[PDB]
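Asks: Dropping in work.pdb, which is PDB, C-alpha atoms:
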```pdb
ATOM      1  CA  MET A   1      84.579  97.894  96.981  1.00  0.00           C
ATOM      2  CA  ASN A   2      85.613  97.507 100.530  1.00  0.00           C
ATOM      3  CA  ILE A   3      88.148  98.032 103.191  1.00  0.00           C
ATOM      4  CA  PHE A   4      89.948  94.880 102.193  1.00  0.00           C
ATOM      5  CA  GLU A   5      90.815  96.052  98.685  1.00  0.00           C
ATOM      6  CA  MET A   6      91.547  99.325 100.270  1.00  0.00           C
ATOM      7  CA  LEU A   7      94.217  98.080 102.635  1.00  0.00           C
ATOM      8  CA  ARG A   8      95.407  95.611  99.985  1.00  0.00           C
ATOM      9  CA  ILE A   9      96.445  98.561  97.919  1.00  0.00           C
ATOM     10  CA  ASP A  10      97.530 100.656 100.900  1.00  0.00           C
ATOM     11  CA  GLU A  11      99.886  98.028 102.428  1.00  0.00           C
ATOM     12  CA  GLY A  12      99.748  94.672 100.795  1.00  0.00           C
ATOM     13  CA  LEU A  13      98.590  91.083 100.832  1.00  0.00           C
ATOM     14  CA  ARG A  14     101.562  88.774 101.313  1.00  0.00           C
ATOM     15  CA  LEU A  15     100.590  85.205 100.252  1.00  0.00           C
ATOM     16  CA  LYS A  16     103.514  83.413 101.941  1.00  0.00           C
ATOM     17  CA  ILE A  17     104.316  83.468 105.661  1.00  0.00           C
ATOM     18  CA  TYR A  18     107.356  85.616 106.213  1.00  0.00           C
ATOM     19  CA  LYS A  19     109.105  85.714 109.558  1.00  0.00           C
ATOM     20  CA  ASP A  20     109.418  89.370 110.262  1.00  0.00           C
ATOM     21  CA  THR A  21     112.757  90.851 110.728  1.00  0.00           C
ATOM     22  CA  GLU A  22     112.607  91.665 114.430  1.00  0.00           C
ATOM     23  CA  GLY A  23     111.084  88.375 115.491  1.00  0.00           C
ATOM     24  CA  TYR A  24     107.533  87.644 114.250  1.00  0.00           C
ATOM     25  CA  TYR A  25     105.415  85.761 111.704  1.00  0.00           C
ATOM     26  CA  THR A  26     103.036  87.718 109.510  1.00  0.00           C
ATOM     27  CA  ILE A  27     100.971  86.852 106.481  1.00  0.00           C
ATOM     28  CA  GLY A  28      98.091  88.095 104.430  1.00  0.00           C
ATOM     29  CA  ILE A  29      97.673  91.707 105.434  1.00  0.00           C
ATOM     30  CA  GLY A  30     100.055  92.045 108.373  1.00  0.00           C
ATOM     31  CA  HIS A  31      98.031  89.476 110.320  1.00  0.00           C
ATOM     32  CA  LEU A  32     100.710  88.299 112.706  1.00  0.00           C
ATOM     33  CA  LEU A  33     100.664  84.767 114.110  1.00  0.00           C
ATOM     34  CA  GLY A  34     101.376  83.825 117.680  1.00  0.00           C
ATOM     35  CA  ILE A  35      99.196  86.331 119.494  1.00  0.00           C
ATOM     36  CA  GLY A  36      98.091  84.014 122.309  1.00  0.00           C
ATOM     37  CA  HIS A  37      97.737  83.836 126.077  1.00  0.00           C
ATOM     38  CA  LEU A  38      99.342  87.364 125.740  1.00  0.00           C
ATOM     39  CA  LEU A  39     102.599  86.030 124.339  1.00  0.00           C
ATOM     40  CA  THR A  40     103.379  87.264 120.814  1.00  0.00           C
ATOM     41  CA  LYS A  41     106.129  85.061 119.385  1.00  0.00           C
ATOM     42  CA  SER A  42     104.830  81.812 117.693  1.00  0.00           C
ATOM     43  CA  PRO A  43     107.902  79.744 118.758  1.00  0.00           C
ATOM     44  CA  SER A  44     108.537  78.635 115.176  1.00  0.00           C
ATOM     45  CA  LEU A  45     107.375  78.191 111.593  1.00  0.00           C
ATOM     46  CA  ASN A  46     105.830  74.953 112.555  1.00  0.00           C
ATOM     47  CA  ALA A  47     103.435  76.121 115.191  1.00  0.00           C
ATOM     48  CA  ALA A  48     103.411  79.078 112.768  1.00  0.00           C
ATOM     49  CA  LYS A  49     101.721  77.174 109.976  1.00  0.00           C
ATOM     50  CA  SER A  50      99.546  75.147 112.358  1.00  0.00           C
ATOM     51  CA  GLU A  51      97.980  78.124 114.019  1.00  0.00           C
ATOM     52  CA  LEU A  52      97.708  79.317 110.472  1.00  0.00           C
ATOM     53  CA  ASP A  53      96.264  76.015 109.307  1.00  0.00           C
ATOM     54  CA  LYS A  54      93.610  75.968 112.022  1.00  0.00           C
ATOM     55  CA  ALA A  55      92.476  79.524 111.244  1.00  0.00           C
ATOM     56  CA  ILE A  56      91.889  78.501 107.684  1.00  0.00           C
ATOM     57  CA  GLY A  57      90.853  74.818 107.774  1.00  0.00           C
ATOM     58  CA  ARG A  58      93.240  73.056 105.313  1.00  0.00           C
ATOM     59  CA  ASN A  59      96.921  71.977 105.128  1.00  0.00           C
ATOM     60  CA  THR A  60      98.654  75.073 103.922  1.00  0.00           C
ATOM     61  CA  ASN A  61     102.375  74.630 104.765  1.00  0.00           C
ATOM     62  CA  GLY A  62     102.412  78.481 105.180  1.00  0.00           C
ATOM     63  CA  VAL A  63     100.670  79.574 102.010  1.00  0.00           C
ATOM     64  CA  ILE A  64      97.037  80.735 101.743  1.00  0.00           C
ATOM     65  CA  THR A  65      95.123  82.640  99.022  1.00  0.00           C
ATOM     66  CA  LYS A  66      93.826  86.195  98.673  1.00  0.00           C
ATOM     67  CA  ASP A  67      90.295  85.169  99.662  1.00  0.00           C
ATOM     68  CA  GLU A  68      91.872  83.360 102.522  1.00  0.00           C
ATOM     69  CA  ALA A  69      93.777  86.497 103.401  1.00  0.00           C
ATOM     70  CA  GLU A  70      90.461  88.253 103.271  1.00  0.00           C
ATOM     71  CA  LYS A  71      88.604  86.189 105.827  1.00  0.00           C
ATOM     72  CA  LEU A  72      91.296  87.356 108.198  1.00  0.00           C
ATOM     73  CA  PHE A  73      91.445  90.960 107.491  1.00  0.00           C
ATOM     74  CA  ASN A  74      87.801  91.514 108.140  1.00  0.00           C
ATOM     75  CA  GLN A  75      88.490  89.512 111.290  1.00  0.00           C
ATOM     76  CA  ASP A  76      91.281  91.953 112.153  1.00  0.00           C
ATOM     77  CA  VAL A  77      89.116  94.714 110.908  1.00  0.00           C
ATOM     78  CA  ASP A  78      86.496  93.919 113.525  1.00  0.00           C
ATOM     79  CA  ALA A  79      89.249  93.306 116.051  1.00  0.00           C
ATOM     80  CA  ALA A  80      90.352  96.852 115.523  1.00  0.00           C
ATOM     81  CA  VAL A  81      86.859  98.287 115.810  1.00  0.00           C
ATOM     82  CA  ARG A  82      86.898  96.681 119.207  1.00  0.00           C
ATOM     83  CA  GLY A  83      89.858  98.741 120.318  1.00  0.00           C
ATOM     84  CA  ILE A  84      88.519 102.072 119.140  1.00  0.00           C
ATOM     85  CA  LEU A  85      85.241 101.567 120.858  1.00  0.00           C
ATOM     86  CA  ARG A  86      87.195 101.245 124.087  1.00  0.00           C
ATOM     87  CA  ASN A  87      89.005 104.418 123.169  1.00  0.00           C
ATOM     88  CA  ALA A  88      87.189 107.501 124.410  1.00  0.00           C
ATOM     89  CA  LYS A  89      89.015 109.781 122.028  1.00  0.00           C
ATOM     90  CA  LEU A  90      88.315 107.878 118.743  1.00  0.00           C
ATOM     91  CA  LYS A  91      84.974 106.214 119.516  1.00  0.00           C
ATOM     92  CA  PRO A  92      82.747 109.302 119.416  1.00  0.00           C
ATOM     93  CA  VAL A  93      84.325 110.175 116.061  1.00  0.00           C
ATOM     94  CA  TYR A  94      84.117 106.636 114.796  1.00  0.00           C
ATOM     95  CA  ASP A  95      80.499 106.323 115.750  1.00  0.00           C
ATOM     96  CA  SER A  96      79.516 109.226 113.584  1.00  0.00           C
ATOM     97  CA  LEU A  97      81.566 108.410 110.578  1.00  0.00           C
ATOM     98  CA  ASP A  98      79.713 106.726 107.724  1.00  0.00           C
ATOM     99  CA  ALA A  99      81.033 103.300 106.607  1.00  0.00           C
ATOM    100  CA  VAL A 100      83.398 104.619 103.952  1.00  0.00           C
ATOM    101  CA  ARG A 101      84.723 107.237 106.382  1.00  0.00           C
ATOM    102  CA  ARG A 102      84.949 104.513 109.001  1.00  0.00           C
ATOM    103  CA  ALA A 103      87.200 102.441 106.757  1.00  0.00           C
ATOM    104  CA  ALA A 104      89.243 105.567 106.206  1.00  0.00           C
ATOM    105  CA  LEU A 105      89.779 105.708 109.947  1.00  0.00           C
ATOM    106  CA  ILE A 106      90.308 102.031 110.394  1.00  0.00           C
ATOM    107  CA  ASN A 107      92.969 102.546 107.709  1.00  0.00           C
ATOM    108  CA  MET A 108      95.100 104.932 109.749  1.00  0.00           C
ATOM    109  CA  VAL A 109      94.702 102.734 112.681  1.00  0.00           C
ATOM    110  CA  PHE A 110      96.196  99.761 110.828  1.00  0.00           C
ATOM    111  CA  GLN A 111      99.078 102.084 109.836  1.00  0.00           C
ATOM    112  CA  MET A 112      99.871 103.931 113.075  1.00  0.00           C
ATOM    113  CA  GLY A 113      97.767 102.509 115.916  1.00  0.00           C
ATOM    114  CA  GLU A 114      95.087 104.308 117.936  1.00  0.00           C
ATOM    115  CA  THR A 115      97.458 106.709 119.591  1.00  0.00           C
ATOM    116  CA  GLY A 116      98.860 108.021 116.311  1.00  0.00           C
ATOM    117  CA  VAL A 117      95.408 108.683 115.021  1.00  0.00           C
ATOM    118  CA  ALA A 118      94.294 109.979 118.394  1.00  0.00           C
ATOM    119  CA  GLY A 119      97.005 112.554 118.021  1.00  0.00           C
ATOM    120  CA  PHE A 120      95.295 114.347 115.083  1.00  0.00           C
ATOM    121  CA  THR A 121      93.174 116.206 117.621  1.00  0.00           C
ATOM    122  CA  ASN A 122      91.339 118.931 115.789  1.00  0.00           C
ATOM    123  CA  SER A 123      91.386 116.931 112.525  1.00  0.00           C
ATOM    124  CA  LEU A 124      89.358 114.517 114.547  1.00  0.00           C
ATOM    125  CA  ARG A 125      87.297 117.340 115.991  1.00  0.00           C
ATOM    126  CA  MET A 126      86.519 118.229 112.393  1.00  0.00           C
ATOM    127  CA  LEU A 127      85.224 114.905 111.058  1.00  0.00           C
ATOM    128  CA  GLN A 128      82.947 114.774 114.029  1.00  0.00           C
ATOM    129  CA  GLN A 129      81.543 118.113 113.086  1.00  0.00           C
ATOM    130  CA  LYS A 130      81.380 116.916 109.476  1.00  0.00           C
ATOM    131  CA  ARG A 131      83.583 119.729 108.190  1.00  0.00           C
ATOM    132  CA  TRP A 132      85.100 117.365 105.729  1.00  0.00           C
ATOM    133  CA  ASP A 133      87.176 119.786 103.653  1.00  0.00           C
ATOM    134  CA  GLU A 134      88.826 121.222 106.752  1.00  0.00           C
ATOM    135  CA  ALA A 135      89.411 117.917 108.355  1.00  0.00           C
ATOM    136  CA  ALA A 136      91.146 117.008 105.092  1.00  0.00           C
ATOM    137  CA  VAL A 137      93.294 120.086 104.837  1.00  0.00           C
ATOM    138  CA  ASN A 138      94.108 119.602 108.447  1.00  0.00           C
ATOM    139  CA  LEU A 139      95.127 116.029 108.002  1.00  0.00           C
ATOM    140  CA  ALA A 140      97.742 116.973 105.415  1.00  0.00           C
ATOM    141  CA  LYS A 141      99.868 119.298 107.627  1.00  0.00           C
ATOM    142  CA  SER A 142     101.250 116.144 109.297  1.00  0.00           C
ATOM    143  CA  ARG A 143     104.502 114.267 109.213  1.00  0.00           C
ATOM    144  CA  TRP A 144     102.190 111.495 108.044  1.00  0.00           C
ATOM    145  CA  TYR A 145     101.228 113.265 104.836  1.00  0.00           C
ATOM    146  CA  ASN A 146     104.967 113.712 104.417  1.00  0.00           C
ATOM    147  CA  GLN A 147     106.160 110.266 105.698  1.00  0.00           C
ATOM    148  CA  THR A 148     103.734 108.799 103.176  1.00  0.00           C
ATOM    149  CA  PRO A 149     102.072 111.254 100.718  1.00  0.00           C
ATOM    150  CA  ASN A 150     100.411 108.845  98.280  1.00  0.00           C
ATOM    151  CA  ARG A 151      98.637 106.652 100.798  1.00  0.00           C
ATOM    152  CA  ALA A 152      97.810 109.826 102.716  1.00  0.00           C
ATOM    153  CA  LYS A 153      96.190 111.460  99.699  1.00  0.00           C
ATOM    154  CA  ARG A 154      93.915 108.490  99.178  1.00  0.00           C
ATOM    155  CA  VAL A 155      92.770 108.183 102.696  1.00  0.00           C
ATOM    156  CA  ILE A 156      92.151 111.921 102.898  1.00  0.00           C
ATOM    157  CA  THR A 157      90.182 111.911  99.698  1.00  0.00           C
ATOM    158  CA  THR A 158      88.122 109.095 101.196  1.00  0.00           C
ATOM    159  CA  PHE A 159      87.594 111.100 104.378  1.00  0.00           C
ATOM    160  CA  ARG A 160      86.706 114.199 102.448  1.00  0.00           C
ATOM    161  CA  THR A 161      84.433 112.649  99.873  1.00  0.00           C
ATOM    162  CA  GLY A 162      83.233 109.672 101.829  1.00  0.00           C
ATOM    163  CA  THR A 163      83.341 108.028  98.340  1.00  0.00           C
ATOM    164  CA  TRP A 164      85.853 105.403  97.074  1.00  0.00           C
ATOM    165  CA  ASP A 165      87.264 107.645  94.317  1.00  0.00           C
ATOM    166  CA  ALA A 166      90.931 107.395  95.255  1.00  0.00           C
ATOM    167  CA  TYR A 167      91.158 103.712  94.533  1.00  0.00           C
ATOM    168  CA  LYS A 168      89.038 103.804  91.333  1.00  0.00           C
ATOM    169  CA  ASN A 169      91.832 102.145  89.400  1.00  0.00           C
ATOM    170  CA  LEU A 170      94.292 100.419  91.659  1.00  0.00           C
TER     171      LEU A 170
END
```
Produce structure tokens that represent the structure in this file.

Replies:
Amino acid sequence: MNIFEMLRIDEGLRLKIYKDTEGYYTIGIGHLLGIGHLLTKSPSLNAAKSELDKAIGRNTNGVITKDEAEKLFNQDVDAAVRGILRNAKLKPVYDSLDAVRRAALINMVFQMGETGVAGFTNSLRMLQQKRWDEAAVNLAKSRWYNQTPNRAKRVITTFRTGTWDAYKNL
């Protein structure tokens, strides 16, 4: 399996462009549209679907497919990797983590941004030392584990086992 199925379950693949509440167009897996020349609002549905169209290469009026949504995640997935690598706190940890454990990380990043993750200081210090079990335990004494227990459990199982067990049937 991969990170894409992972996040799909952990957040969700929306197939139809929905103009966020605050002011913003998302689609697929939280892939917003409009990020450009450092200005975040698309200025409409119509540039919304065009930017979207271009990405893809077809005339979706604001509707793509799951595969379509996938060739964007991985694109955002790499995009993220690019921010961590610039981040002195996460990078050293991320370097050492094996693929599965990387995804696990990347996963918290999609959910709370590099600072949030960068806040789990010793939990981080643990995964770098490869004291899985403890990192785990440590990760669950957070508001996070509490804010969202289910998603938290999965990610932490993934971090602790480095295997994909948690998603075995979703």

Asks: For the point (92.4, 106.9, 95.9) in file coordinates, what residues are within 10 Å, counting only C-alpha atoms? Give the answer as an MDAnalysis selection string?

Replies: chainID A and resid 6 9:10 150:158 163:170

Asks: Name the residues captured by the PyMOL selection byres ((chain A and resi 140) around 12) when it is applied to the shown file; answer as a PyMOL selection string.

Replies: chain A and resi 120+123+133-139+141-157+159-160

Asks: Just the number, please: distance in Å from atom CA of residue A:99 to atom CA of residue A:68, one decimal.

Replies: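 Between atom CA of residue A:99 and atom CA of residue A:68 the gap is 23.1 Å.
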
Asks: I would like the residues chosen by the PyMOL selection byres ((chain A and resi 111) around 12) on the shown file; could you give them as a PyMOL selection string?

Replies: chain A and resi 7+10-12+29-30+80+104-110+112-117+144+147-148+151-152+155

Asks: In terms of the shortest atom-to-atom distance over only C-alpha atoms, which of A:49, A:131, A:8, A:37 is closest to residue A:25?

Replies: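 Closest candidate: A:49.
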
Asks: Might you spell out which residues the PyMOL selection byres ((chain A and resi 128) around 10) would select in the displayed file, as a list in words?

Replies: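 Taken over the shown coordinates, the PyMOL selection byres ((chain A and resi 128) around 10) returns residues 90, 92, 93, 94, 95, 96, 97, 122, 123, 124, 125, 126, 127, 129, 130, 131, 132 and 135 of chain A.
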